[PDB]
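What follows is each chain in one-letter form.
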Amino acid sequence: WXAXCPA
Amino acid sequence: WXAXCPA
Amino acid sequence: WXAXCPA
Amino acid sequence: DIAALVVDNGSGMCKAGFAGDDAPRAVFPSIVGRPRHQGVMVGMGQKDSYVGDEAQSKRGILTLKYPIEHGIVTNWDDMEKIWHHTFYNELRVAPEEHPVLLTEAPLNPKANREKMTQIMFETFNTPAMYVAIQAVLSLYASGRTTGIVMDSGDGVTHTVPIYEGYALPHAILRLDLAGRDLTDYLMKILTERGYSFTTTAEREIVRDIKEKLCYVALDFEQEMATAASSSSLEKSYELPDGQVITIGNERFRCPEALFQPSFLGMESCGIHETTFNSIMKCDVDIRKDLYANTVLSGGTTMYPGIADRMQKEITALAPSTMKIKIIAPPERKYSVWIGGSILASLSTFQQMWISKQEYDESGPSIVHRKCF
Amino acid sequence: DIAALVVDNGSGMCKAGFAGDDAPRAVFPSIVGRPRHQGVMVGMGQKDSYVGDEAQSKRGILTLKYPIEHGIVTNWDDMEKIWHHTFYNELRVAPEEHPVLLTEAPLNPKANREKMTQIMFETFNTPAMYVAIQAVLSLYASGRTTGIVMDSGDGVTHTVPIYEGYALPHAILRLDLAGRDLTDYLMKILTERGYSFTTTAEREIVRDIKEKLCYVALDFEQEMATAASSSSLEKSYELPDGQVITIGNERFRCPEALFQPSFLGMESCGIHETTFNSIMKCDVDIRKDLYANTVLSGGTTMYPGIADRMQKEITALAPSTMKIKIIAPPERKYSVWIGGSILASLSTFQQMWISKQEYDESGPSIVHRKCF
Amino acid sequence: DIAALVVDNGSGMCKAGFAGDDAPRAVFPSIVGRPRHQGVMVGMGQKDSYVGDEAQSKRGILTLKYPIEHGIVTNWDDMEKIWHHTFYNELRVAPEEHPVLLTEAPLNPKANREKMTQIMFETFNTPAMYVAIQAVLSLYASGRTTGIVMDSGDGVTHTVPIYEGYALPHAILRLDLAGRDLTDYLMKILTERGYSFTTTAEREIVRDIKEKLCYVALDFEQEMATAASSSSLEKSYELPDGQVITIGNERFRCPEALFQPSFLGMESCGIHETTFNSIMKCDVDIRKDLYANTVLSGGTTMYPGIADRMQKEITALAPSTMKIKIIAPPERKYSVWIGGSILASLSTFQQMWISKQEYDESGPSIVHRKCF
Amino acid sequence: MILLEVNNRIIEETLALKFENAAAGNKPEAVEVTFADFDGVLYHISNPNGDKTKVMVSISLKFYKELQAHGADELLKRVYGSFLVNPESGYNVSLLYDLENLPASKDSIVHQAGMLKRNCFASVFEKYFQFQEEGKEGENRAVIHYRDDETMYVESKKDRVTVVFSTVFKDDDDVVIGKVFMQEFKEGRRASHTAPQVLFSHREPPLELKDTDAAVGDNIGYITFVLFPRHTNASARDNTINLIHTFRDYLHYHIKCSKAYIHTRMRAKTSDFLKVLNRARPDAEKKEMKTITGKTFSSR
Ligand SMILES: Nc1ncnc2c1ncn2[C@@H]1O[C@H](COP(=O)(O)OP(=O)(O)O)[C@@H](O)[C@H]1O
Ligand SMILES: Nc1ncnc2c1ncn2[C@@H]1O[C@H](COP(=O)(O)OP(=O)(O)O)[C@@H](O)[C@H]1O
Ligand SMILES: Nc1ncnc2c1ncn2[C@@H]1O[C@H](COP(=O)(O)OP(=O)(O)O)[C@@H](O)[C@H]1O
Ligand SMILES: [Mg+2]
Ligand SMILES: [Mg+2]
Ligand SMILES: [Mg+2]
């Protein structure tokens with residue numbers, strides 16, 4: 001992901 | 001709640 | 001170590 | 001001097017104070033936090049659980065739980081701790097020295113207020129207590145004797161018409177749709193941009209985002225087209241780690257769920273139709289007086305431009321000869337408490353408490369006979 | 001011409017085949033390998049980047065990267081390489097002669113599927129394409145119309161209930177917890193015994209151990225007490241250099257994370273509570289049917305003894321009157337692909353493809369309205 | 001109060017002292033020497049195993065063996081010899097009368113601490129012991145209960161983040177890369193100049209060269225281009241036999257391996273990226289407090305200009321609004337011991353011992369219950 | 001242990017020991033063991049007239065008269081077969097095991113011998129379960145004096161079985177904590193989607209106790225269970241009988257463990273107050289380092 005978690 | 005919905 | 005790396 | 005305590009004790013934010021003031025003394029989120037790790041450092045703050053602002057400050061290493069859900073207490077071992085922290089840590093006053101004025105949403109399980117009375121009398125030994133409906137206190141704070149209150153509480157929305165001080169208990173409407181549901185909806189729709197918020201410490205950040213950037217649209221389709229055609233409606237927010245997010249179209253889609261529950265997969269109708277139906281439930285000869293005295297309340301009606309949307313919707317619904325006037329004071333976030341500080345301070349009210357000996361005689365079921 | 005391609009390009013393993021078949025033509029790990037040492041032998045078949053089985057075989061001198069992680073595509077160049085190797089090498093068929101049906105986990109950043117469409121129409125130049133929720137396809141494969149499906153791939157777990165063909169989009173739950181995280185937890189807990197697997201090449205060995213020795217315990221505390229008072233639970237695995245290791249207690253502590261994410265420091269609930277909550281999110285009248293039609297899916301649900309554990313947990317959560325039936329098919333590794341094939345081979349589906357002209361007319365964003 | 005021996009005994013150098021002081025009483029390299037030639041001069045007294053400083057002084061005729069490698073005890077007889085020399089020769093105290101606080105790196109095999117407890121209870125008959133994690137003690141020594149400790153010893157590097165005392169055990173990153181690997185790498189790169197150190201007695205000379213001349217370059221490529229274009233970085237060191245050698249480019253090429261292990265042919269990330277990853281694995285609400293409380297320790301972080309390099313490298317990976325503080329005290333080498341003396345001198349620590357009686361009834365399996 | 005168990009340990013132990021001694025072929029030795037149980041029950045395992053080959057297990061109960069009523073021995077007979085003999089003088093029920101005619105699988109008869117009190121109770125209780133199963137309204141409703149100052153009023157209707165516990169505790173501390181433990185007993189039906197309707201009352205007795213002699217008063221509490229045909233069917237009535245049988249003893253047990261629970265929190269708070277006092281002791285300038293034993297260090 002972009003915010004929260006990686007991906 | 002007890003029946004219907006959570007609470 | 002036992003598996004991986006020496007130690 | 002000795003005066004009754006007024007404890008709002010909402011679903012999302014506990015507000016307590018002394019009667020006779022114009023502002024709550026203590027305001028803090030009604031959450032309980034417990035650590036989910038194991039300390040390793042000797043002697044450094046090893047305690048069972050944090051409550052209130054202390055839990056918000058240390059929310060990184062705790063799991064936060066709300067005791068009240070949809071206006072209903074679902075964990076009494078935590079509600080007791082909330083009230084204990086209110087009495088001995090926030091107000092810092094003995095509980096058995098002042099009467100208490102609690103609030104409860106209408107159309108609620110009788111067991112809720114029965115247990116409220118039992119806790120207030122058996123545990124804290126208050127000499128007197130009372131459980132008033134929130135919308136009635138909001139109307140008292142507004143400073144009038146007729147109108148329809150629409151308390152969009154954070155945990156629960158409800159409308160209670162009142163005429164000349166005569167509440168109509170057959171036109172009251174309750175809708176379990178409020179700030180926490182909008183927070184969850186924002187968490188669900190933020191994933192489209194790519195921001196993933198799962199844990200409760202992140203739900204707090206999402207609430208801080210909602211409470212700051214979200215706003216209600218005067219016309220939904222128009223705003224959607226505007227946000228799609230031009231990147232002039234996006235806002236930037238900095239998470240508490242340095243990351244920066246930019247939310248656009250989402251801004252007015254979160255509060256739009258209030259007017260369209262179909263987004264949240266509910267069969268219910270928007271708050272505008274709820275208020276209109278609660279008005280049409282009344283007898284005709286008073287409806288006009290309600291149309292011109294619609295009052296908002298609760299922290300979920302603080303969204304910018306909600307008065308305009310509500311007025312437009314109701315004007316479209318109601319006939320074209322009635323004057324619609326959405327009374328929205330800029331202090332609505334505390335109206336439910338403010339009216340309390342009024343009601344507990346009146347001189348014609350001191351004979352309506354539930355005295356301790358009345359309870360000792362008639363059991364906790366006396367709340368149904370005394371409190372309306 | 002006809003028989004559109006079906007490419008379940010989920011995390012961990014890409015599975016591609018033709019429509020109308022009962023098994024994927026080419027299944028292979030979706031990894032991109034790059035050499036990490038200088039070449040000294042000239043003219044010996046030196047290539048810049050290996051993909052799939054080629055990378056798995058020569059993983060000794062390669063660094064491996066997955067282009068997908070938790071369901072989102074992080075490195076689009078490697079993903080393009082994967083798709084190219086899938087089309088030309090593993091299938092030997094041009095992409096501009098067949099439609100393609102990809103897959104995607106629900107609640108995914110829209111940029112992901114938008115870029116998927118843009119790549120499929122601008123690089124490989126397909127005549128048509130489609131994107132489907134992997135859970136719906138897994139339900140297609142089971143030949144049902146009612147039921148809840150709990151898919152769990154390499155990097156994503158998600159539950160999607162569907163009643164009479166109407167998927168409830170508000171009860172769909174997602175949880176980033178799958179093979180990848182279990183393989184990391186195993187790499188961590190193996191150090192307890194003394195085995196250290198650190199580099200990305202040994203992650204494959206650890207994954208082979210996890211998918212050969214691990215098993216879900218029917219009672220965690222009892223199995224822990226048993227494995228601590230006996231040696232009947234130890235199994236020996238042989239590394240690919242002759243070294244033999246023995247793992248005991250670990251065998252069931254790895255999959256147990258699925259039912260207790262607290263091991264991984266995650267706050268979220270287990271997969272059993274996730275499924276139960278997803279069911280309880282739905283309307284009352286249907287909660288019965290879902291109880292009798294829980295359909296497991298995904299490779300991560302191929303652990304021996306996971307059906308029994310899930311059944312026990314749910315029947316301990318759900319009321320006693322209702323019946324719990326875990327529909328764990330004999331094969332469920334390719335169930336999503338089987339459902340995709342069955343869908344693509346349907347005669348009523350040919351009016352739901354995203355046509356080339358439609359993409360050229362409305363751009364990539366059309367994927368948000370043509371696909372659900 | 002009671003006096004408790006604190007024996008760090010990490011890899012590389014054993015540092016033992018009494019709890020309550022500010023510096024270890026005895027610090028000596030943990031090596032064991034064995035004569036490799038015939039004895040011809042009888043009557044002068046001979047020994048078959050030299051330990052510590054005596055083995056260092058006589059290294060010309062010995063085969064120095066380290067009993068600990070990469071933080072793991074690999075030869076228990078030499079470890080017992082080291083402990084005996086520590087107890088009866090350096091401290092000159094009876095071990096059967098004082099508690100012992102040993103240290104172990106995180107994520108080591110359990111057999112290590114098990115055999116450590118068994119040795120300390122069945123050979124020296126210590127009345128009580130305790131096995132603490134090194135980084136936690138390092139944080140004790142810094143006088144703060146929040147921060148990420150980055151301990152880089154002689155055989156192992158590891159980071160542990162702690163918030164308000166609640167250490168996060170799911171974000172502890174270990175990395176087998178420390179002073180000994182750097183010493184071997186320096187031995188390798190010193191050949192290209194023309195000097196060849198190949199025997200285990202000259203590895204000590206190479207280690208002295210490293211810890212006297214080597215340093216960390218703030219900008220690696222700029223320093224390379226500088227030292228490769230002018231003789232202004234060359235330093236001359238005198239061997240113990242009169243020879244003088246001159247090292248230039250090598251000076252900062254040895255420690256640079258810490259920030260990019262691709263030189264040693266390893267795949268793992270540098271120590272800066274390891275610390276940043278460890279931070280990013282923690283929850284979002286505490287990262288800002290970790291960034292401003294990064295702590296270094298171990299004698300491998302005593303390279304001139306490593307704090308500035310770590311700050312410049314982390315600042316490039318962290319958002320532009322987070323303030324990065326590298327708290328590197330000039331007593332970093334002894335920090336792990338200094339925190340130990342702080343811990344073993346506390347009042348409540350007497351309730352955390354492993355009493356000899358408690359072991360006599362439960363065997364070595366008690367350390368996993370009494371010490372995390 | 002959270003839930004009290006229904007099988008007595010002394011009976012099982014003694015009978016298993018006797019059966020092991022008899023099965024191995026050893027000569028039988030004398031046995032005379034008297035003991036007690038919950039609710040004032042008195043057990044006596046002995047030999048009839050010094051006959052060292054027979055072992056008689058007798059039990060004296062408090063619901064003396066309710067078990068002598070016609071039909072109150074169907075379950076006892078059904079479960080115990082030929083072991084059921086005439087009561088020993090002074091006791092109420094009596095089993096008689098012949099150490100020479102013991103059938104194989106000696107575990108089952110001992111497992112059913114340790115539940116003698118539970119079976120005597122379930123025999124006088126399944127009468128109303130049957131009165132409700134057979135579809136008859138207005139069947140006999142009685143008051144089992146399962147203790148000496150407390151009663152259990154059982155009533156069977158066409159569609160339900162009502163059990164009203166009239167209960168009172170002996171000690172003052174136990175009374176004060178039992179008021180709480182019984183007030184908070186309706187908050188249990190939130191732990192299961194299927195739990196019998198529980199009603200608590202201490203202001204006034206229910207309308208079921210107005211024609212009967214169940215103990216009433218101003219210090220007694222009334223707890224009404226309404227067991228429906230999903231708790232009294234022929235497949236889940238064993239658990240229901242066990243729970244209705246051990247309810248009062250379980251409440252007493254947990255009232256007496258609440259104190260040992262509170263003591264830990266009180267010790268914690270005592271230490272927390274000692275830590276606040278410790279701010280008054282002036283920190284020493286130099287301490288002499290001692291040994292684990294406490295003797296002088298004997299070295300630097
Ligand atoms: N200015 C605002 N705009 C939008 N939402 C708000 C605003 N202020 C508060 N809220 C939301 O509304 C709720 C506050 O309601 P509140 O008056 O505290 O009622 P309660 O006591 O039931 O929580 C919170 O959930 C908060 O997230
Ligand atoms: N039999 C098994 N036991 C344990 N884990 C498995 C097994 N089969 C597959 N897995 C793991 O589950 C993950 C998902 O498998 P798969 O069906 O290929 O879905 P995906 O295509 O999303 O990886 C894989 O990464 C694999 O490591
Ligand atoms: N002041 C220094 N400058 C540069 N290098 C140093 C310094 N002190 C120690 N080192 C090197 O760091 C290596 C490991 O540090 P050390 O403290 O021995 O680890 P440990 O604490 O586990 O014994 C040693 O081999 C030494 O050569
Ligand atoms: Mg409120
Ligand atoms: Mg899958
Ligand atoms: Mg160290």
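As recorded in the PDB header, cryo-EM is the method behind this entry, and the stated resolution is 3.3 Å.

A. Region of interest: the packing of aromatic side chains. For the structure shown, the criterion picks out 42 aromatic pairs over all chains. Here the aromatic residues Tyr185(D), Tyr215(D), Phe220(D), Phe252(D) and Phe263(D) are joined through ring pairs into a cluster of three or more. If you follow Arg180(D) out to its NZ or CZ, it ends over the ring of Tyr66(D), 4.5 Å from the centre. Between the NZ or CZ atom of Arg309(E) and the centre of the ring of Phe259(E), over which it lies, the distance is 4.7 Å.

B. The sheet that holds strand 7 (residues 62–65) of chain D, seen in detail. Residue and element names in this part refer to chain D. Strand order in this open sheet of 3 strands is 6-4-7, and the pairing throughout is antiparallel. Of all strands in the sheet, those with a lone pairing partner are strand 6 (50–51) and strand 7, marking the two edges. Helix 2 (residues 76–90) contacts strand 4 (32–35) and strand 6 of the sheet and is inclined by roughly 110° relative to strand 4.

C. Molecular detail of the pattern of salt bridges. Counted under the stated rule, the structure contains 71 salt bridges over all chains. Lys47(F) is the salt-bridge partner of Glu54(F), the closest N and O atoms lying 3.6 Å from each other. Residue classification places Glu54(F) among the partly exposed residues on the basis of a relative accessible area of 36%. Look at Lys47(F) and you get partly exposed, because its relative accessible area is 44%. Three or more residues joined by partner-sharing salt bridges are found here, namely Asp39(G), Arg147(G), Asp148(G), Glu150(G) and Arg248(G).

D. Structural detail: the environment of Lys288(D). Residue and element names in this part refer to chain D. Within the secondary structure, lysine 288 is located in helix 9 (residues 284–291). For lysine 288 and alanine 111, which are 177 residues apart along the polypeptide, the C-alpha to C-alpha distance reads 37 Å. A polar side-chain atom of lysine 288 sits 3.4 Å from a polar atom in the side chain of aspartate 289.

E. The arrangement of the site of ligand 1 in detail. Residues and elements named next belong to chain D. The local shell around ligand 1 holds 16 residues, among which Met13, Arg207, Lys210, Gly299 and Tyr303 are the closest. At 3.1 Å from an oxygen atom of ligand 1 is found a main-chain nitrogen or oxygen belonging to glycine 12. Notes on ligand 1: free accessible area 560 Å², of which the protein chains cover 89%. Those elements that place two or more of their residues in the shell around ligand 1 are strand 2 (13–18) and helix 6 (200–213). Ranked by residues supplied to the shell around ligand 1, first place goes to helix 6 with 3 residues. Across the shell around ligand 1, the residue classes tally to 3 nonpolar, 7 polar and 6 charged.

F. Summary view of the site of ligand 3. Residue and element names in this part refer to chain F. Every residue lining ligand 3 is accounted for by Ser11, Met13, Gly153, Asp154, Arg207, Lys210, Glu211, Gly299, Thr300, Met302, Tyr303 and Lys333. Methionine 13 is positioned with one of its backbone polar atoms (N or O) 3.3 Å from an oxygen atom of ligand 3. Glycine 299 places a main-chain nitrogen or oxygen 3.0 Å from a nitrogen atom of ligand 3. Isolated, ligand 3 exposes 560 Å² of accessible area, and the fraction of that covered by the protein chains is 88%. It is helix 6 (residues 203–213) that contributes the most residues to the shell around ligand 3, 3 residues altogether. Here the residues of the shell around ligand 3 are counted per class, giving 3 nonpolar, 4 polar and 5 charged.

Conventions we followed
- Residues numbered from 1 in each chain as written, not as in the entry; some residues may be left out.
- Chains lettered and ligands numbered in written order.
- Part of a larger assembly, values for the part shown.
- Heavy atoms only, no water.
- Residues with missing side-chain atoms left out of burial classes, pairs and counts.
- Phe/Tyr/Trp six-rings, centres within 6.5 Å; stacked < 30°, edge-to-face > 60°.
- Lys NZ or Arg CZ within 6 Å of the ring centre and 35° of its normal.
- Pairing = 2+ DSSP bridges.
- Helix = DSSP H or I, 4+ residues; strand = E, 2+ residues; numbered from the N terminus.
- Contact = heavy atoms within 4.5 Å.
- Axes fitted to C-alpha atoms, helices over the stretch in contact; angles between N-to-C directions.
- Salt bridge = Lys/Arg side-chain N within 4 Å of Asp/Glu carboxyl O.
- Buried < 20%, exposed > 50% of the residue type's maximum accessible area, 1.4 Å probe, protein only.
- Polar contact = N/O pair within 3.5 Å; in protein donor to acceptor, adjacent residues only side chain to side chain.
- Near = heavy atom within 4 Å.
- Areas by Shrake-Rupley, 256 points an atom, 1.4 Å probe, with all protein chains shown as cover.
- Nonpolar A, V, L, I, M, F, W, Y, C, P; charged D, E, K, R; others polar.

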